[PDB]
$ cat query.txt   # compact mmCIF, C-alpha atoms
# COMPACT_ATOMS: atom_id res chain seq x y z
CA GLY A 9 -10.60 -18.59 -20.64
CA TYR A 10 -8.61 -16.03 -18.65
CA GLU A 11 -5.03 -14.94 -19.26
CA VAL A 12 -3.59 -12.14 -17.12
CA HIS A 13 -0.02 -11.28 -17.99
CA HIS A 14 2.65 -8.58 -18.15
CA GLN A 15 1.27 -6.13 -15.63
CA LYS A 16 4.08 -3.82 -14.56
CA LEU A 17 4.31 -1.60 -11.49
CA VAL A 18 7.31 0.69 -10.93
CA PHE A 19 7.84 3.03 -8.01
CA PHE A 20 11.03 4.82 -9.14
CA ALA A 21 11.80 4.22 -12.81
CA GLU A 22 14.90 6.43 -13.02
CA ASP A 23 17.98 7.50 -11.07
CA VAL A 24 17.75 8.57 -7.43
CA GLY A 25 20.99 10.49 -6.96
CA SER A 26 22.51 12.51 -4.11
CA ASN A 27 19.57 11.94 -1.79
CA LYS A 28 19.81 13.70 1.56
CA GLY A 29 16.26 13.27 2.87
CA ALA A 30 13.93 10.27 2.80
CA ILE A 31 12.98 8.34 -0.34
CA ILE A 32 10.26 5.75 0.31
CA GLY A 33 8.37 3.68 -2.21
CA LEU A 34 5.43 2.40 -0.18
CA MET A 35 4.90 3.47 3.43
CA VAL A 36 2.13 1.95 5.55
CA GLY A 37 1.74 3.57 8.91
CA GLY A 38 5.06 4.95 10.02
CA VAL A 39 6.43 8.43 10.66
CA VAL A 40 8.93 10.24 8.44
CA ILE A 41 10.88 13.23 9.74
CA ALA A 42 12.82 14.89 6.94
CA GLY B 9 -8.68 -22.06 -17.64
CA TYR B 10 -6.55 -19.49 -15.82
CA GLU B 11 -2.96 -18.52 -16.58
CA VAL B 12 -1.38 -15.69 -14.59
CA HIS B 13 2.18 -14.95 -15.61
CA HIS B 14 4.92 -12.35 -15.96
CA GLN B 15 3.69 -9.76 -13.50
CA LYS B 16 6.60 -7.49 -12.61
CA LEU B 17 6.99 -5.17 -9.62
CA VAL B 18 10.06 -2.95 -9.25
CA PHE B 19 10.76 -0.51 -6.44
CA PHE B 20 13.96 1.14 -7.74
CA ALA B 21 14.59 0.38 -11.41
CA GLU B 22 17.73 2.50 -11.80
CA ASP B 23 20.90 3.54 -10.00
CA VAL B 24 20.83 4.75 -6.39
CA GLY B 25 24.13 6.60 -6.10
CA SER B 26 25.80 8.68 -3.38
CA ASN B 27 22.92 8.28 -0.95
CA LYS B 28 23.33 10.15 2.32
CA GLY B 29 19.82 9.87 3.76
CA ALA B 30 17.40 6.94 3.88
CA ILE B 31 16.29 4.93 0.85
CA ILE B 32 13.53 2.44 1.68
CA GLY B 33 11.50 0.32 -0.69
CA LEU B 34 8.60 -0.79 1.48
CA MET B 35 8.21 0.43 5.06
CA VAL B 36 5.48 -0.93 7.33
CA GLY B 37 5.25 0.82 10.63
CA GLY B 38 8.63 2.14 11.58
CA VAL B 39 10.12 5.61 12.04
CA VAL B 40 12.60 7.26 9.68
CA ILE B 41 14.66 10.24 10.80
CA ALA B 42 16.55 11.74 7.88
CA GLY C 9 -6.71 -25.43 -14.65
CA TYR C 10 -4.45 -22.87 -12.99
CA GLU C 11 -0.86 -22.04 -13.90
CA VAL C 12 0.88 -19.19 -12.07
CA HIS C 13 4.42 -18.60 -13.23
CA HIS C 14 7.22 -16.09 -13.76
CA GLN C 15 6.15 -13.39 -11.35
CA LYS C 16 9.15 -11.18 -10.63
CA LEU C 17 9.71 -8.77 -7.75
CA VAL C 18 12.86 -6.64 -7.56
CA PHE C 19 13.72 -4.13 -4.86
CA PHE C 20 16.92 -2.62 -6.32
CA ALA C 21 17.41 -3.52 -9.97
CA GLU C 22 20.60 -1.52 -10.54
CA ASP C 23 23.86 -0.51 -8.88
CA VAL C 24 23.94 0.83 -5.32
CA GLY C 25 27.30 2.59 -5.20
CA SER C 26 29.12 4.70 -2.62
CA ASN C 27 26.32 4.47 -0.08
CA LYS C 28 26.89 6.44 3.11
CA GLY C 29 23.42 6.33 4.68
CA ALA C 30 20.92 3.47 4.98
CA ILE C 31 19.65 1.39 2.06
CA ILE C 32 16.85 -0.98 3.06
CA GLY C 33 14.68 -3.11 0.83
CA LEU C 34 11.82 -4.06 3.14
CA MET C 35 11.59 -2.71 6.68
CA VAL C 36 8.89 -3.90 9.08
CA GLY C 37 8.83 -2.03 12.33
CA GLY C 38 12.28 -0.78 13.12
CA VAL C 39 13.88 2.65 13.41
CA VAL C 40 16.33 4.15 10.91
CA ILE C 41 18.52 7.10 11.86
CA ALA C 42 20.35 8.43 8.82
CA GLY D 9 -12.63 -14.94 -23.58
CA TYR D 10 -10.76 -12.42 -21.43
CA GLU D 11 -7.18 -11.24 -21.86
CA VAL D 12 -5.88 -8.49 -19.57
CA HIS D 13 -2.30 -7.53 -20.28
CA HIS D 14 0.32 -4.78 -20.25
CA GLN D 15 -1.20 -2.44 -17.70
CA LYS D 16 1.53 -0.12 -16.45
CA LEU D 17 1.60 1.99 -13.29
CA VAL D 18 4.52 4.31 -12.55
CA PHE D 19 4.91 6.56 -9.53
CA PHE D 20 8.10 8.45 -10.48
CA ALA D 21 9.01 8.00 -14.13
CA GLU D 22 12.07 10.27 -14.15
CA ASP D 23 15.05 11.32 -12.05
CA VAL D 24 14.67 12.26 -8.39
CA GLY D 25 17.85 14.23 -7.73
CA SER D 26 19.22 16.17 -4.76
CA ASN D 27 16.21 15.46 -2.57
CA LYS D 28 16.30 17.11 0.84
CA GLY D 29 12.72 16.57 2.01
CA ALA D 30 10.45 13.53 1.74
CA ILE D 31 9.65 11.69 -1.49
CA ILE D 32 6.97 9.03 -1.04
CA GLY D 33 5.21 7.01 -3.70
CA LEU D 34 2.22 5.61 -1.82
CA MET D 35 1.53 6.54 1.80
CA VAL D 36 -1.28 4.90 3.77
CA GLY D 37 -1.82 6.39 7.16
CA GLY D 38 1.43 7.79 8.44
CA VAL D 39 2.70 11.27 9.25
CA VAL D 40 5.25 13.21 7.19
CA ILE D 41 7.09 16.19 8.67
CA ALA D 42 9.09 17.97 6.00
CA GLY E 9 -14.62 -11.24 -26.43
CA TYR E 10 -12.90 -8.75 -24.13
CA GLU E 11 -9.33 -7.48 -24.39
CA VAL E 12 -8.18 -4.78 -21.97
CA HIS E 13 -4.60 -3.72 -22.51
CA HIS E 14 -2.04 -0.92 -22.30
CA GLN E 15 -3.71 1.31 -19.73
CA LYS E 16 -1.09 3.65 -18.31
CA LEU E 17 -1.18 5.66 -15.08
CA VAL E 18 1.66 8.02 -14.16
CA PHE E 19 1.88 10.18 -11.06
CA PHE E 20 5.06 12.16 -11.82
CA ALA E 21 6.12 11.85 -15.45
CA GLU E 22 9.12 14.18 -15.29
CA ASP E 23 12.00 15.23 -13.05
CA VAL E 24 11.46 16.04 -9.37
CA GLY E 25 14.56 18.06 -8.53
CA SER E 26 15.78 19.94 -5.46
CA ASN E 27 12.71 19.09 -3.41
CA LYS E 28 12.63 20.63 0.06
CA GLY E 29 9.02 19.98 1.07
CA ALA E 30 6.83 16.90 0.63
CA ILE E 31 6.20 15.15 -2.69
CA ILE E 32 3.56 12.42 -2.42
CA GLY E 33 1.95 10.44 -5.21
CA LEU E 34 -1.07 8.92 -3.49
CA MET E 35 -1.91 9.72 0.13
CA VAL E 36 -4.76 7.95 1.93
CA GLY E 37 -5.46 9.32 5.35
CA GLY E 38 -2.30 10.75 6.79
CA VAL E 39 -1.13 14.23 7.76
CA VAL E 40 1.45 16.29 5.87
CA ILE E 41 3.16 19.26 7.50
CA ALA E 42 5.22 21.17 4.96
CA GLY F 9 12.85 18.96 19.38
CA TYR F 10 11.28 15.78 18.02
CA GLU F 11 9.55 13.04 20.00
CA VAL F 12 7.92 10.17 18.11
CA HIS F 13 6.26 7.65 20.36
CA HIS F 14 3.46 5.11 20.79
CA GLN F 15 2.70 4.36 17.17
CA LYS F 16 0.80 1.08 17.01
CA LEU F 17 0.28 -1.25 14.05
CA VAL F 18 -1.87 -4.38 14.36
CA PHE F 19 -2.61 -6.88 11.62
CA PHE F 20 -5.14 -9.12 13.42
CA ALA F 21 -6.46 -7.56 16.61
CA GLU F 22 -8.91 -10.32 17.54
CA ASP F 23 -9.35 -14.09 17.51
CA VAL F 24 -8.54 -16.16 14.43
CA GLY F 25 -10.45 -19.38 15.10
CA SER F 26 -11.08 -22.57 13.14
CA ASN F 27 -9.08 -21.42 10.13
CA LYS F 28 -9.07 -23.83 7.20
CA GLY F 29 -7.59 -21.65 4.46
CA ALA F 30 -4.68 -19.20 4.53
CA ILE F 31 -4.35 -16.31 6.98
CA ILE F 32 -1.41 -14.03 6.16
CA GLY F 33 -0.52 -10.71 7.72
CA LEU F 34 1.96 -9.27 5.23
CA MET F 35 2.79 -11.08 1.99
CA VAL F 36 5.50 -9.79 -0.35
CA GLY F 37 5.72 -11.67 -3.59
CA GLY F 38 4.58 -15.21 -3.05
CA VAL F 39 1.65 -17.29 -4.28
CA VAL F 40 -1.31 -18.38 -2.16
CA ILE F 41 -3.58 -21.21 -3.28
CA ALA F 42 -6.61 -21.47 -1.02
CA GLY G 9 8.49 21.71 18.61
CA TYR G 10 7.06 18.54 17.08
CA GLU G 11 5.32 15.70 18.89
CA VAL G 12 3.83 12.86 16.84
CA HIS G 13 2.15 10.21 18.94
CA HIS G 14 -0.59 7.60 19.17
CA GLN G 15 -1.21 6.97 15.49
CA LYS G 16 -3.03 3.66 15.15
CA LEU G 17 -3.39 1.43 12.08
CA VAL G 18 -5.47 -1.75 12.20
CA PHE G 19 -6.06 -4.17 9.35
CA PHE G 20 -8.59 -6.53 10.96
CA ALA G 21 -10.05 -5.12 14.17
CA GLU G 22 -12.47 -7.98 14.90
CA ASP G 23 -12.81 -11.75 14.72
CA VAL G 24 -11.85 -13.68 11.59
CA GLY G 25 -13.70 -16.96 12.07
CA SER G 26 -14.18 -20.10 9.97
CA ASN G 27 -12.11 -18.78 7.08
CA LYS G 28 -11.94 -21.08 4.07
CA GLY G 29 -10.42 -18.76 1.46
CA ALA G 30 -7.58 -16.24 1.72
CA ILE G 31 -7.40 -13.44 4.29
CA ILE G 32 -4.49 -11.07 3.66
CA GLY G 33 -3.74 -7.79 5.37
CA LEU G 34 -1.21 -6.20 3.03
CA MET G 35 -0.23 -7.86 -0.25
CA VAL G 36 2.53 -6.42 -2.44
CA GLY G 37 2.91 -8.17 -5.73
CA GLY G 38 1.84 -11.75 -5.37
CA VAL G 39 -0.99 -13.86 -6.78
CA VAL G 40 -4.00 -15.09 -4.81
CA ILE G 41 -6.16 -17.93 -6.11
CA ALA G 42 -9.26 -18.35 -3.97
CA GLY H 9 4.19 24.34 17.64
CA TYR H 10 2.88 21.20 15.95
CA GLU H 11 1.14 18.26 17.60
CA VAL H 12 -0.22 15.47 15.40
CA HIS H 13 -1.91 12.71 17.35
CA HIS H 14 -4.61 10.04 17.39
CA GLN H 15 -5.08 9.52 13.68
CA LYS H 16 -6.81 6.19 13.16
CA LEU H 17 -7.01 4.06 10.01
CA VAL H 18 -9.03 0.83 9.95
CA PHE H 19 -9.46 -1.50 7.00
CA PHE H 20 -12.00 -3.97 8.44
CA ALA H 21 -13.61 -2.69 11.63
CA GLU H 22 -15.99 -5.62 12.18
CA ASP H 23 -16.24 -9.39 11.86
CA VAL H 24 -15.13 -11.19 8.71
CA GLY H 25 -16.92 -14.53 9.02
CA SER H 26 -17.26 -17.59 6.79
CA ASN H 27 -15.12 -16.14 4.03
CA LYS H 28 -14.80 -18.33 0.95
CA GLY H 29 -13.23 -15.89 -1.52
CA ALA H 30 -10.46 -13.34 -1.07
CA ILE H 31 -10.43 -10.62 1.59
CA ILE H 32 -7.55 -8.17 1.15
CA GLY H 33 -6.93 -4.94 2.99
CA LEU H 34 -4.35 -3.22 0.80
CA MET H 35 -3.22 -4.75 -2.49
CA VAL H 36 -0.41 -3.18 -4.54
CA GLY H 37 0.12 -4.81 -7.87
CA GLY H 38 -0.89 -8.42 -7.66
CA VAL H 39 -3.62 -10.53 -9.25
CA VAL H 40 -6.67 -11.89 -7.43
CA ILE H 41 -8.72 -14.72 -8.91
CA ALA H 42 -11.88 -15.28 -6.89
CA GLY I 9 -0.14 26.83 16.80
CA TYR I 10 -1.32 23.73 14.94
CA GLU I 11 -3.04 20.69 16.41
CA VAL I 12 -4.26 17.96 14.05
CA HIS I 13 -5.95 15.09 15.83
CA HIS I 14 -8.58 12.36 15.68
CA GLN I 15 -8.91 11.97 11.93
CA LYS I 16 -10.54 8.62 11.22
CA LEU I 17 -10.58 6.62 7.99
CA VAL I 18 -12.51 3.35 7.72
CA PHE I 19 -12.79 1.13 4.67
CA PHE I 20 -15.32 -1.45 5.92
CA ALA I 21 -17.06 -0.34 9.11
CA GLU I 22 -19.38 -3.34 9.45
CA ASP I 23 -19.54 -7.10 8.98
CA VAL I 24 -18.27 -8.75 5.80
CA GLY I 25 -19.99 -12.13 5.91
CA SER I 26 -20.18 -15.12 3.55
CA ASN I 27 -17.98 -13.51 0.92
CA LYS I 28 -17.50 -15.56 -2.22
CA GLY I 29 -15.91 -12.99 -4.54
CA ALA I 30 -13.21 -10.39 -3.89
CA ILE I 31 -13.34 -7.78 -1.12
CA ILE I 32 -10.51 -5.25 -1.37
CA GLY I 33 -10.03 -2.08 0.62
CA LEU I 34 -7.43 -0.22 -1.41
CA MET I 35 -6.14 -1.58 -4.72
CA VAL I 36 -3.31 0.13 -6.60
CA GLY I 37 -2.62 -1.35 -9.97
CA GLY I 38 -3.55 -4.99 -9.94
CA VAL I 39 -6.17 -7.10 -11.70
CA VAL I 40 -9.25 -8.60 -10.05
CA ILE I 41 -11.18 -11.42 -11.71
CA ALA I 42 -14.39 -12.13 -9.83
CA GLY J 9 -4.58 29.37 15.73
CA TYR J 10 -5.62 26.31 13.73
CA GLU J 11 -7.33 23.18 15.03
CA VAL J 12 -8.39 20.51 12.54
CA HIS J 13 -10.08 17.54 14.15
CA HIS J 14 -12.64 14.76 13.81
CA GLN J 15 -12.83 14.50 10.04
CA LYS J 16 -14.36 11.15 9.16
CA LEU J 17 -14.24 9.26 5.86
CA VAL J 18 -16.09 5.96 5.42
CA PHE J 19 -16.21 3.85 2.28
CA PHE J 20 -18.72 1.17 3.35
CA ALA J 21 -20.59 2.12 6.51
CA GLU J 22 -22.86 -0.93 6.67
CA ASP J 23 -22.91 -4.68 6.05
CA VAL J 24 -21.50 -6.19 2.87
CA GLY J 25 -23.14 -9.61 2.80
CA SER J 26 -23.18 -12.51 0.34
CA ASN J 27 -20.93 -10.76 -2.16
CA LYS J 28 -20.29 -12.69 -5.35
CA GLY J 29 -18.68 -10.01 -7.52
CA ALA J 30 -16.07 -7.37 -6.69
CA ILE J 31 -16.35 -4.87 -3.84
CA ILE J 32 -13.58 -2.27 -3.89
CA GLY J 33 -13.24 0.84 -1.78
CA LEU J 34 -10.61 2.83 -3.65
CA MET J 35 -9.17 1.61 -6.95
CA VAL J 36 -6.32 3.45 -8.67
CA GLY J 37 -5.48 2.10 -12.06
CA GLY J 38 -6.32 -1.56 -12.20
CA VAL J 39 -8.83 -3.66 -14.12
CA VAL J 40 -11.93 -5.28 -12.63
CA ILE J 41 -13.74 -8.08 -14.45
CA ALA J 42 -17.00 -8.92 -12.72
$ encode --input "query.txt" --output "structure tokens"
Amino acid sequence: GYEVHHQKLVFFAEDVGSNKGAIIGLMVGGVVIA
Amino acid sequence: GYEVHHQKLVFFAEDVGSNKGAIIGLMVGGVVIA
Amino acid sequence: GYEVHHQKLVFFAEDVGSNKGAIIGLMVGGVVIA
Amino acid sequence: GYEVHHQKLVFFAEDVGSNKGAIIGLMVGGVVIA
Amino acid sequence: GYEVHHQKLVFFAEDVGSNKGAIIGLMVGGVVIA
Amino acid sequence: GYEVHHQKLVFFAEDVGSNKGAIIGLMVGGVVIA
Amino acid sequence: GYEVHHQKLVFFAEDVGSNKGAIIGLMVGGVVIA
Amino acid sequence: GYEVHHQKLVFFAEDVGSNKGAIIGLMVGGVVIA
Amino acid sequence: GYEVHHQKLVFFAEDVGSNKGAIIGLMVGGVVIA
Amino acid sequence: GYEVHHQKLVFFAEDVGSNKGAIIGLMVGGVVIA
């Protein structure tokens, strides 16, 4: 008997205000110039 | 017996206000200039 | 017996107000200039 | 009997305000110039 | 009988304000110039 | 002066022959029964 | 002067033959039963 | 003067043959039953 | 003068044959039952 | 003058054959039942 439930993953749990650069949750490869 | 339920994934859980750059949840490859 | 139910994925769970740049949930490849 | 529940992973638990560089949760490969 | 629950992992538990360099939670490979 | 060029991302670089299950490059959400 | 070039990311560099289960490059969220 | 080039990331560099379970490169969140 | 080049990261450098459980390169969060 | 080159990181340098449990390179958080 296996029961897997209620796992929770959050990248940004609160406000992201007045951003002027780069906000990225998950980046695979890719280039960011900020 | 297997029961997998109620997994939750959130990238941005709260407000994203007055953004002037780049807000990206999941970026695979790609180039961001901010 | 397998039962997989009620998985939930959310990119932007709250308000996205007065955006002036680029808001992207999932970007594969692609170029963003902001 | 196995029950795995309520694991929680958070990258940014609080506000990310007035960002001018690069904020990244999980980066695999990739180049960041900030 | 096994019950594994309520493990919690946090990268940034508090505010990340006025960032001008590079803030990264988990970086695998990759190059950061700050 | 910024020049970003010739980034390359490949999911399956070689042959995928006689598949009988599920081959997926990038899966976001979703359920796979194989 | 910044020049970022020729980064290479590969998930499966060689043959994937006679698969009967689940082969996934990048999985975000999601449930796999194999 | 900065030049960042020829970084290489490989998940599976060789053959993945006769798979009957689950082969995953990068898994974020998610549940695997194998 | 900075030159950063030819970094190499490999998860599985050789064959992964006749797998019947779970083979995962990088797992963040998530539950594996094997 | 700085030159950083040819760093090499390998998780599994040789064959991973007839696996029946869980083989994981890098696990952050997460629960493994094997």
$ residues_around --input "query.txt" --residues "residue 9 (chain F)" --least-positions-apart "4" --cutoff "10 Å" --atoms "only C-alpha atoms" --output "list in words"
residues 9, 10 and 11 of chain G
$ write_last_selection --input "query.txt" --atoms "C-alpha atoms" --output "CSV table (one decimal), keeping the file's coordinate frame"
chain,number,residue,atom,x,y,z
G,9,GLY,CA,8.5,21.7,18.6
G,10,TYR,CA,7.1,18.5,17.1
G,11,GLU,CA,5.3,15.7,18.9
$ atom_distance --input "query.txt" --atom1 "CA of residue 27 (chain B)" --atom2 "CA of residue 13 (chain F)"
27.1 Å
$ residues_near_point --input "query.txt" --point "(4.3, 16.4, 6.6)" --cutoff "10 Å" --atoms "all atoms listed in the file" --output "ChimeraX atom specification"
/A:39-42 /D:29-30,38-42 /E:29-32,38-42 /H:12
$ atom_distance --input "query.txt" --atom1 "CA of residue 16 (chain B)" --atom2 "CA of residue 35 (chain E)"
23.0 Å
$ atom_distance --input "query.txt" --atom1 "CA of residue 37 (chain D)" --atom2 "CA of residue 17 (chain G)"
7.2 Å
$ axis_aligned_box --input "query.txt" --around "region 15-25 of chain A" --padding-each-side "8 Å" --output "JSON"
{"center_x": 11.1, "center_y": 2.2, "center_z": -11.3, "size_x": 35.7, "size_y": 32.6, "size_z": 24.7}
$ residues_around --input "query.txt" --residues "residue 14 (chain G)" --least-positions-apart "6" --cutoff "6 Å" --atoms "only C-alpha atoms" --output "number ranges by chain"
F: 14-15; H: 13-14
